[PDB]
Amino acid sequence: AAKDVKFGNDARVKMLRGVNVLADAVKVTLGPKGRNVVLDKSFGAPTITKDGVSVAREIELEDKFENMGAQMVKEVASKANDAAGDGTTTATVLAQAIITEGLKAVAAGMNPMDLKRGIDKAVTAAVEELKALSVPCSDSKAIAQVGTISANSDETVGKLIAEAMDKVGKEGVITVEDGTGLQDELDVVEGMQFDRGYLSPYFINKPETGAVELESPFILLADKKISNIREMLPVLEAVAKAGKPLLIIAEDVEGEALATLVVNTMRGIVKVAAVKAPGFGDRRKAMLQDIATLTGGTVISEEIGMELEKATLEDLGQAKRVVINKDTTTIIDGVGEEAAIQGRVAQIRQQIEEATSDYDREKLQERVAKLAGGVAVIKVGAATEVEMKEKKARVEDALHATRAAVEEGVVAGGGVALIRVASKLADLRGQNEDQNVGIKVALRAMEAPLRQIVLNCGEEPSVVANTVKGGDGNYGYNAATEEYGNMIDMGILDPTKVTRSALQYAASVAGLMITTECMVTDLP
Amino acid sequence: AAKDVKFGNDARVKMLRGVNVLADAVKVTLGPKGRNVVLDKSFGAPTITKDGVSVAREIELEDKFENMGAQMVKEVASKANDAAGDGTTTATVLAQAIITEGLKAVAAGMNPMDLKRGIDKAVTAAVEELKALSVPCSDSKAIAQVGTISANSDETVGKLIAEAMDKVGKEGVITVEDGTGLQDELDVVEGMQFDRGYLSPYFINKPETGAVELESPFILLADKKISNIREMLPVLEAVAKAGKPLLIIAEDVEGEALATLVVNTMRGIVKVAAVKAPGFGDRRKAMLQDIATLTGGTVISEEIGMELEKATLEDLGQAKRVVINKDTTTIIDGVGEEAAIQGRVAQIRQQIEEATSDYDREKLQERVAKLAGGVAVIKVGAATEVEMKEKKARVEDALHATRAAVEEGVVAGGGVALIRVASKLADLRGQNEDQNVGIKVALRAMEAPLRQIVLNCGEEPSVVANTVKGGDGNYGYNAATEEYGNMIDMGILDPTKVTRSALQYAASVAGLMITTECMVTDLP
Amino acid sequence: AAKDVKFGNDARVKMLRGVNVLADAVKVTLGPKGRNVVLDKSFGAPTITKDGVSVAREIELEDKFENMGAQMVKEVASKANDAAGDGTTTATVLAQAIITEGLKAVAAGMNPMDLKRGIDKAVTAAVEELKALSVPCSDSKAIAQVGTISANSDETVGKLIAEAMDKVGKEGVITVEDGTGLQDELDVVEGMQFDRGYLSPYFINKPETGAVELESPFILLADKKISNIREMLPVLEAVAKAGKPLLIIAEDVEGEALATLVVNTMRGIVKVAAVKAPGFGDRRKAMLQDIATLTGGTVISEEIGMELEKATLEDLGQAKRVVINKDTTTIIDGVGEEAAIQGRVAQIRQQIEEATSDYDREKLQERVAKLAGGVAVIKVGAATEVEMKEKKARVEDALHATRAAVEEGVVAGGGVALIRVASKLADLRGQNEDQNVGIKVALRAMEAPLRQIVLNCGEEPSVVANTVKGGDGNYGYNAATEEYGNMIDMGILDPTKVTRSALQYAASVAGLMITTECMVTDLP
Ligand SMILES: Nc1ncnc2c1ncn2[C@@H]1O[C@H](COP(=O)(O)OP(=O)(O)OP(=O)(O)O)[C@@H](O)[C@H]1O
Ligand SMILES: Nc1ncnc2c1ncn2[C@@H]1O[C@H](COP(=O)(O)OP(=O)(O)OP(=O)(O)O)[C@@H](O)[C@H]1O
Ligand SMILES: Nc1ncnc2c1ncn2[C@@H]1O[C@H](COP(=O)(O)OP(=O)(O)OP(=O)(O)O)[C@@H](O)[C@H]1O
Ligand SMILES: [K+]
Ligand SMILES: [K+]
Ligand SMILES: [K+]
Ligand SMILES: [Mg+2]
Ligand SMILES: [Mg+2]
Ligand SMILES: [Mg+2]
């Protein structure tokens with residue numbers, strides 16, 4: 001279609017105005033005294049959120065050039081959310097400050113490319129300084145503090161996330177889901193448990209609980225669908241001779257084979273239960289091999305070479321306990337070699353490193369959590385769905401922040417880390433004066449998060465920023481209590497990964513944005 | 001016509017928005033780093049001004065409630081200009097700050113009447129504290145500093161005004177008018193000189209200069225129009241017998257009498273000049289009596305009792321020198337009793353105290369300046385008419401500020417005096433908590449002038465305000481040099497009358513404005 | 001009415017856009033290769049002009065803020081036209097360059113007041129440097145060159161103006177009026193000649209020419225209206241006894257006195273002519289006294305003291321020749337004392353110095369030209385009225401430029417003088433860096449006239465400006481021939497007053513304009 005074209009100051013002013021609209025919508029949420037934003041939904045009730053990425057995503061402007069600026073700056077929050085799952089508001093505030101100061105420098109006649117180069121150099125040095133300033137976050141107290149800060153000073157969320165991390169260890173997988181009550185609950189499942197119930201309700205050994213309970217049972221892992229009993233007959237004879245129970249994880253058991261297994265279960269000759277193999281094609285075999293390694297057994301398939309008829313007792317896996325319910329099956333203390341389990345876990349880790357998808361890598365992380373460590377589910381407790389959504393967003397932010405803190409350490413919160421980093425970079429210089437001004441605007445923008453936090457408290461950002469800059473180390477401003485002190489001591493910890501990602505993404509987008517001389521958009 | 005009626009928060013928000021429009025237009029001019037405002041004129045070129053009263057006068061808003069707020073707050077600048085001729089921008093900034101904080105308090109549910117009472121109490125205490133803090137401004141250096149500060153750091157204007165004040169003394173009258181050259185000129189006329197030229201060009205004793213020059217002449221003061229020579233004949237005979245020149249200040253000389261005076265002037269029998277009596281009905285007699293007192297003579301009139309025929313040499317006044325030009329007549333060193341001159345000056349001062357009009361009181365002040373002291377005219381030098389208007393406005397501001405400083409003393413400039421006064425009133429309390437909040441909002445608004453001055457410099461108002469508050473006495477912030485120091489030492493002096501008037505008028509208007517619950521205006 | 005208020009960058013951009021509209025309309029006329037502008041007239045034919053003041057006056061913009069900028073910058077051209085009668089386009093180009101560079105500096109964050117101070121300091125130093133660089137323009141060749149350059153390389157206009165200046169001398173008065181033919185004519189009248197014809201056609205001594213010619217006649221100067229012959233009778237008897245002719249310059253001769261003068265003229269007893277006294281009340285007496293001084297006579301009036309009855313031959317004036325036509329009367333070689341004539345001329349010069357009106361001062365300048373020197377009229381020759389208007393404007397520009405060159409000297413034309421002055425001011429510095437930038441923008445704007453002259457030629461302004469700057473002295477660029485050389489040698493002379501006035505007025509308006517932060521205008 002026909003295009004509206006704007007140049008120089010007018011285009012830059014409109015882009016800055018759109019950026020300011022989005023950033024003003026987002027910055028009101030920053031900090032302990034940050035407020036909430038209501039986002040209208042065409043289908044459903046409005047959403048109340050403190051997450052700056054949601055606010056940024058909902059922002060779209062009528063003016064095409066202002067909307068261009070808003071959409072360009074929305075990428076900062078989107079990338080911060082995709083990478084660190086937190087710091088999106090800080091990223092947006094940083095991007096807005098960089099854009100404002102860089103456009104001021106451009107209006108002063110300096111070369112925008114050199115300003116962008118100076119910003120990039122300052123941010124690279126800043127990332128190095130943040131890495132130097134980061135301290136490890138390994139104790140449960142620090143993890144709880146990080147979760148509490150990320151959950152908007154919600155101590156319960158931080159304590160729950162720290163407890164979940166302790167229960168599931170380093171290799172465990174933690175997810176957040178909706179709850180039914182008003183209180184947040186933590187459900188931790190250890191060892192292996194897959195969402196595959198019994199193939200027949202008649203298998204239930206314990207009627208009062210409706211769950212098959214097998215003590216020290218054999219494990220028959222079949223990678224092929226089973227419909228007849230001829231293939232499985234010798235295994236059943238061997239199991240009955242042994243006298244121990246049997247659990248058959250198969251692709252599908254149905255028809256005559258299921259029926260005769262049921263009759264044999266009541267007749268007491270063999271206490272046998274059958275469950276479906278978890279997963280689907282090209283992934284079900286992986287879980288079957290994982291269960292075989294955990295239980296010290298072997299998978300029966302056409303591709304591997306042997307058939308179910310020739311399966312023996314040594315072929316079958318071994319486990320201390322097995323519990324089957326209507327939906328899930330749990331194998332407790334599988335009798336398998338620890339070295340093989342560790343090797344398979346390392347192989348899955350290597351595939352995760354080779355993985356290029358978030359969903360896939362999460363699936364193999366869950367597989368690792370089943371093989372070693374545990375799986376935790378945090379059920380968010382709330383009275384209404386709007387409160388559920390807000391609290392779940394905060395809990396997800398806290399979970400992401402705790403993971404980032406465990407991975408890359410922690411720094412002083414409340415924008416103090418960026419203050420200290422910018423103070424450490426006062427002597428940084430570029431190739432020319434324009435690059436020096438770019439470095440200076442990056443350093444000044446590094447103070448924007450603390451200033452916005454203070455402004456959201458109703459205090460004077462300049463006075464508090466000067467007081468924090470006059471301090472050293474982890475000295476800073478507790479905005480919740482409006483008091484100065486050591487941010488590590490008061491538990492205001494920011495994940496180093498979150499701060500670094502916010503700075504990097506804001507810098508990239510804003511440095512590209514300050515170099516713009518012409519905008520081309522659709523005519524109104 | 002039909003009326004739009006608004007209540008409570010909506011009306012107050014619209015009023016505050018209009019106030020903010022006017023105050024934002026006006027505050028950009030505040031301080032040494034204040035900028036200029038262009039005001040469009042329907043007939044003529046646009047006017048560039050730094051005077052906040054002009055900007056406030058030009059402001060009128062489309063929205064009727066916003067316009068109501070703007071018009072109400074315009075009264076602050078108008079009253080400051082009418083009273084002190086300076087501080088209108090400071091008055092407007094103070095009024096805006098009081099309105100903003102008082103509306104914040106009203107939105108918090110406190111009684112607006114009690115807030116207004118607290119504001120009034122705080123401002124009364126503030127005026128008392130300003131009176132206590134004021135130091136006399138009598139030396140020429142302090143007067144020049146006040147004029148320089150009021151003229152936007154124009155040292156030449158301050159020095160010129162100090163020189164004019166020194167030349168014309170305490171009782172002299174100084175006016176400002178347009179000039180012809182590019183430089184500001186000072187024209188000081190001492191003793192008595194009235195804008196009445198000779199009644200005939202033939203009276204000129206000195207053709208090379210075109211001015212009658214009479215050395216030790218007699219003075220004939222006639223309060224009646226003269227057309228014949230019979231009434232004036234014996235006076236002419238006595239003057240010719242004496243041999244000294246004669247100057248006739250009359251209501252009007254014309255016809256035969258003027259002709260025979262002309263012939264006698266060339267014939268050398270009597271060197272006589274005739275001029276019109278300055279002023280008009282009920283005021284010309286006053287100037288005639290003033291000249292009679294100065295020259296030790298008597299006025300001839302029908303009402304007093306004697307006629308011109310019976311006038312003698314003792315009736316005539318005496319002066320050392322008389323110079324008549326085409327437009328003005330000057331009497332130098334009139335031979336009159338000093339005690340009578342002082343008594344007449346005191347009588348005119350008493351009438352000035354009894355006077356209730358600015359134009360009238362200025363007229364008798366000019367009469368006093370003719371009788372004693374001098375009259376100074378400052379011709380503003382500029383290249384163009386727009387520059388002439390701007391510089392003349394600045395020079396008028398400096399003249400008003402110097403007069404106010406002479407009258408009521410000086411305090412630290414740059415909003416420092418209000419800072420110190422507000423600090424001295426921290427313990428002030430009202431009858432109830434709402435009055436205490438009113439006192440607090442008045443004290444906080446007292447910091448608005450310094451904060452706006454700093455903001456106009458591009459610096460951080462909060463940091464500089466805190467630094468100034470941490471100081472004591474005349475410690476403050478030179479915004480021109482952006483350095484801290486003693487404002488009296490650096491010559492940043494504010495007239496105490498100007499600061500007090502700004503505070504009082506802002507307080508009155510803003511305290512009345514924060515009490516408004518309903519607005520009634522015309523429908524759009 | 002309701003007001004539209006704009007702030008900062010938006011207001012400044014609109015003001016600059018309006019300034020650019022006016023300056024783009026005006027700059028196309030600059031220089032020898034400047035084109036013409038057509039200005040529409042509501043009543044009458046369109047006007048084709050090269051004068052930048054006319055173009056600036058006709059400019060008015062729909063957008064109120066753009067119109068504000070245009071009206072403000074129009075003052076530069078108006079003031080240059082009022083002061084020097086030339087250089088209005090140069091003044092406008094200078095003002096536009098200063099505004100553009102100063103707004104660039106303001107957008108860079110420097111203090112506009114300090115930029116204005118730096119501009120003013122640079123322009124004061126520039127005026128001093130122009131005074132130093134100026135050389136006197138006294139020879140007829142230089143005057144003709146100045147007139148030719150000012151008349152857009154019209155050699156005939158320059159030669160005619162030089163001839164008029166030579167004929168009327170220093171004290172003569174030159175005016176420009178419409179002609180009847182296609183060629184420019186010069187009519188020079190020496191001695192005294194006033195536009196007052198004979199009071200009766202019967203006075204004509206020479207019927208073939210219709211003009212009274214009196215050889216060595218007496219001069220009777222009467223300041224009163226004459227209607228009877230009794231008052232004038234003894235003068236007539238004395239004149240008839242002497243036998244020489246008589247010319248009566250009177251307020252009015254009519255009725256019986258005129259009739260008997262007519263009869264006596266034909267009867268040959270006395271060859272007498274009567275003319276009306278030139279001028280009106282309070283000015284006719286001045287011309288009568290001038291004629292009396294020139295002819296060595298005395299004016300008869302009631303105020304002076306003597307009557308027409310007592311007038312004698314010695315009272316009457318004397319002249320060598322008198323020529324009366326239907327409209328004008330000329331007195332050739334009046335027999336009067338040279339010292340008295342010089343004294344009266346000096347007195348009129350003193351009144352001119354005391355005069356404060358252009359029309360009045362021109363009237364007394366014409367009186368001086370009648371008393372001493374001569375009066376020249378340049379009748380502009382053109383085929384049509386549009387060509388007449390254009391050529392008359394050019395001739396008026398040339399006359400003003402020649403007067404300015406005679407008064408204050410000449411400098412190198414084509415913007416070279418401003419180039420050299422700016423080069424001489426490279427070391428000039430202000431109090432702070434912002435004042436230094438103001439000085440720099442003034443110096444850069446000093447190159448705008450030459451650059452615009454070159455651009456109007458279709459050449460590269462930057463290359464030619466660099467070449468001229470690389471030269472020294474009067475080296476520069478002849479744009480008419482597009483060749484480099486000595487501008488004085490090629491006759492491209494600019495009056496120093498014109499260049500200085502253009503720079504000063506442009507500087508004042510533009511320095512005030514760059515300090516503007518807010519504009520208030522009427523809503524659309
Ligand atoms: N009590 C506190 N005192 C000072 N700063 C605090 C306090 N609590 C949290 N902060 C700071 O507030 C910031 C976190 O604010 P917030 O969670 O609103 O935004 P975010 O992390 O940038 O983004 P998101 O909207 O994605 O959660 C961090 O810089 C953190 O250090
Ligand atoms: N160099 C300076 N440093 C600090 N403050 C200064 C300086 N020069 C002037 N001021 C302050 O600026 C104020 C005067 O500013 P300005 O003249 O713009 O406004 P005003 O007096 O309120 O009103 P008006 O518009 O009627 O002149 C005073 O408070 C004065 O003390
Ligand atoms: N042949 C030439 N070569 C170079 N410069 C020239 C030449 N002739 C004239 N100029 C220059 O052109 C300028 C005069 O141009 P112009 O008459 O169009 O404008 P102006 O004097 O600024 O204003 P106005 O419109 O009032 O006449 C002067 O600077 C003069 O020196
Ligand atoms: K947030
Ligand atoms: K002001
Ligand atoms: K021109
Ligand atoms: Mg967060
Ligand atoms: Mg002032
Ligand atoms: Mg010209």
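Note: hydrogens, waters and symmetry copies are ignored here, and every other heavy atom, side chains too, is used. Note on naming: letters A, B, ... go to the chains in the order of the sequence lines (proteins, then strands), and numbering restarts at 1 for each one.
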Just give me the residue among C/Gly511, C/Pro112, C/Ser301, C/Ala507 that pairs up with chain B most often, heavy atom to heavy atom, under 4.5 Å. C/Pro112

List in chain and number order the residues that pass side chain to side chain donor-acceptor pair (under 3.5 Å) with C/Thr293, two or more places apart in sequence or in another chain; answer none if no residue qualifies. C/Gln289

Under 4.5 Å to a heavy atom of chain B? For C/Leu512 that would be both

So, the part of C/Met513 with a heavy atom under 4.5 Å from chain B: the answer is both

Taking atom CG of B/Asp522 as the centre, report whether more than 12 heavy atoms of other residues, nucleotides or ligands fall under 6.0 Å from it. yes

Contacting moiety of C/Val127, where chain B heavy atoms sit under 4.5 Å: neither

Calculate, to the nearest 0.5 Å, the distance between atoms CZ and OG belonging to C/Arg117 and B/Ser153 respectively. 6.0 Å

When the 4.5 angstrom heavy-atom criterion is applied to C/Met519 and chain B, the contacting part is both

Heavy-atom pairs under 4.5 Å with chain C, option from B/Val38, B/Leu61, B/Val28 with the top count: B/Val38

Which heavy atom of C/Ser508 sits nearest to which heavy atom of B/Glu387, and what is that distance? CB-OE1, 3.3 Å

Any idea which heavy atoms bring C/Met113 and B/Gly34 closest together, and the distance? CE-O, 4.2 Å

Heavy-atom cut-off 4.5 Å, strictly under: side chain, backbone, both or neither for B/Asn152 against chain C? both

Rounded to the nearest 0.5 Å, what separates atom OG1 in C/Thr516 from atom NZ in B/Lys50? 13.5 Å

Hey, what do you get for CD (C/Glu303) to CG (B/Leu258), rounding to the nearest 0.5 Å? 7.5 Å

Using non-hydrogen atoms and a 4.5 Å limit, figure out which bit of B/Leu261 sits close to chain C: side chain, backbone, both or neither. neither

Is it the case that more than 12 heavy atoms not belonging to B/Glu177 sit under 6.0 Å from its CD atom? yes

In terms of heavy-atom pairs under 4.5 Å with chain B, the winner among C/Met68, C/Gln350, C/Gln351, C/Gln71 is C/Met68

Taking a cut-off of under 4.5 angstrom between non-hydrogen atoms, the residues of residues 74-81 of chain C near chain B are C/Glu75, C/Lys79

Measuring from B/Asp40:CG to C/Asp4:CG, what's the distance to the nearest 0.5 Å? 10.5 Å

Contact class of C/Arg344 relative to chain B, heavy atoms under 4.5 angstrom: neither

Please state whether the side chain, the backbone, both or neither of C/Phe7 comes within less than 4.5 Å of a heavy atom of chain B. side chain

C/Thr515 and B/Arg35 have their tightest heavy-atom pair at O-CB, 3.3 Å

Contacts of C/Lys14 meeting salt bridge (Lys or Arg N to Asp or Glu O under 4.0 Å) (sequence neighbours excluded), chain-then-number -> C/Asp63, C/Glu66

Should the heavy atoms of other residues, nucleotides or ligands under 6.0 Å from CD of C/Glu302 be counted, would the total exceed 12? yes

Applying side-chain hydrogen bond (donor to acceptor under 3.5 Å, both in side chains), which residue pairs with at least one partner in residues 201-213 of chain B are found, sequence neighbours left out? B/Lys206-B/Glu213, B/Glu213-B/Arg321

Checking heavy atoms, do the side chain of B/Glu385, its backbone, both or neither come under 4.5 Å from chain C? both

Between B/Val263, B/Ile48, B/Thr47, B/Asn67, who has the most heavy-atom pairs with chain C when the cutoff is under 4.5 Å? B/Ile48

